[PDB]
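Same chain, two versions here, written out as structure tokens and called structure 1 and structure 2.
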Structure 1
């Protein structure tokens, strides 16, 4: 019910941190992949480590317990994977483990039941096979390295948790390549660059002019249960609009969207790919013990011998005339936001800021 709110709350909290690290760069990430990866990790955690992770994910433990959160993610995973051929949406989970490392049955069975995860015998003693075998399997997703706390000599990798997402879809109203023109994109009020600009003419789509936050929201739907929300702040009002990115503002926009006969729409063709280390960012959002000697991941092995060495996230989005792919004149010729979102939920599959499409 209000567990998607936690996921959205988390999405925008994380986005703001990503933005502080690179003020004027393109942003692209799957917040759901991170939430599901962290929830998946929390299956093996206890006490303060478990508490920091759930609270960090923006769940309120006053109204929803641990089991209900894991059931929520289990139910969500079934609703994405299955099934419609017209739009290819899927999210999986996996864990690469050291061979002799023995796990608790509880953990592996819950990992299988709740998250569909399965162990793969892996040798981490060479970084060639280890880091390559994983990157094939994961193109868009997030990975959590677990390390031995604990051993005297070295801090060796014991386990890697993984959550991937895949998204390939076509527009309900696709752009005609014949109408794609090179055109101005303003990086700042004075400074611009030539970009491939797609356009649609005389179409009717959900629209909402938000006068208070000085931004225009438009919804371009895909065939299937998903849609791209594009938000266009007025010049110099991007930072103000980012400040207002909250669960309440996203719900409002979507409820406020009403069909309007647009004369001309211009959206740039763009392809953003970003790689993030999330250690510092997760630390700021109140997940600290898991990266410490004080970490309690005894739910994995049975002893407090495991700690999170690192959490990374890689995402790639292509927006083009035919559709989107994870590898009144409304004109998007200045920095904008794209939020990809399912039809019947508040969750966020992907989110991005496009500052310069000739970049990333």
Structure 2
């Protein structure tokens, strides 16, 4: 259900991000974005609502708004498990202006379906409001995301926030002593020097996709999570990207077979990306929510709110012991 839509959404979003900056690293969490938008759709009506759900890639003929929110509730209940060597947490929050009246139904649905906390914020003191939201996110992402919110309109009525923190250890860790500075080719004739970690004589799921000119390998983490790596041949990235479809991912995972690998080299790195998703969302059909015709009357009972901006911040750390990934999404909503 939700998984199918999420994979479709993930790849659709990916292609748009690449179009915007074809040379830069792409780092995001479909789940964080989908969750924040589904949370927002809780208070949307008519076309505003329809566009969001359709934008999230849900087949409204095969699934109903009720089912959708239930999927997100179960998803939240399931994910929050930070213990068994694998730490995974996700939280939702809404910072609403002091004295702004919200429908009881919205607040209740938000708490039970999105486990959303609600915080009365004095948006007039922009500097104070920023820190509160940023500190909440900083706290939630164990210190990784520090500046999700850079600025706010003094006309801000509320901000929906979602954050996901992930920390796992490799099932087969890399020995730091085997990490050596080596070349990472940006292009066929240009490269940078980076710490290249290595593993020798390991048996892992592998698949050489001759049809797509790429190699797929899976490195499991201790827990119920894995990292799928897709290595396109030299100059085949765009060809692989053009084929990033749900059926492709499924085919890859179904084609994986255990194979003895003599040597595996993977760079150790820490990268981050900052995004203003307005352009991307509009391209995905989510439009009315941003306009004067925004119908978010399900939040306060009147059409007096419109989305001004949706931001996303992402951080990825890959090292010898494991991986740390942090993502956060914020939906700034102003007066209309």
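Here, rigid core means the biggest group of C-alpha atoms that superpose within 1.5 Å across both forms. Only residues modelled in both forms are compared. Residue numbers count along the first chain shown, from 1.
Overlay on the rigid core first, then point out the one of 245, 229, 149, 205 whose CA is displaced 2 Å or more between the two structures.
Per the superposition, the moving residue is 149.
Core-aligned, is the CA shift for residue 260 between the two structures 2 angstroms or more?
No, shifts by less than 2 Å.
After core superposition, I'd like to know whether residue 178 moves between the two structures (criterion: C-alpha shift of 2 angstroms or more).
Stays below the 2 Å threshold, so no.
C-alpha of residue 275: shift of 2 angstroms or more between the two structures, rigid core aligned?
No, residue 275 moves less than 2 Å.
Please report, in Å, how much the Cα atom of residue 20 moves between the two structures when the rigid core is superposed.
So the C-alpha of residue 20 has moved 1.0 Å between the two structures.
Using the rigid core as the frame, report the C-alpha movement of residue 295 between the two structures, one decimal, in Å.
Reported C-alpha shift between the two structures: 0.5 Å at residue 295.
If the rigid core is lined up, how many Å does the C-alpha atom of residue 85 shift between the two structures?
That residue's C-alpha is offset by 2.9 Å.
What parts move between the two structures when you lay the two on the core: runs of 3+ residues, each CA off by 2 Å or more?
Runs 82 to 85, 139 to 155 stand out as displaced between the two structures - each at least 3 residues long.
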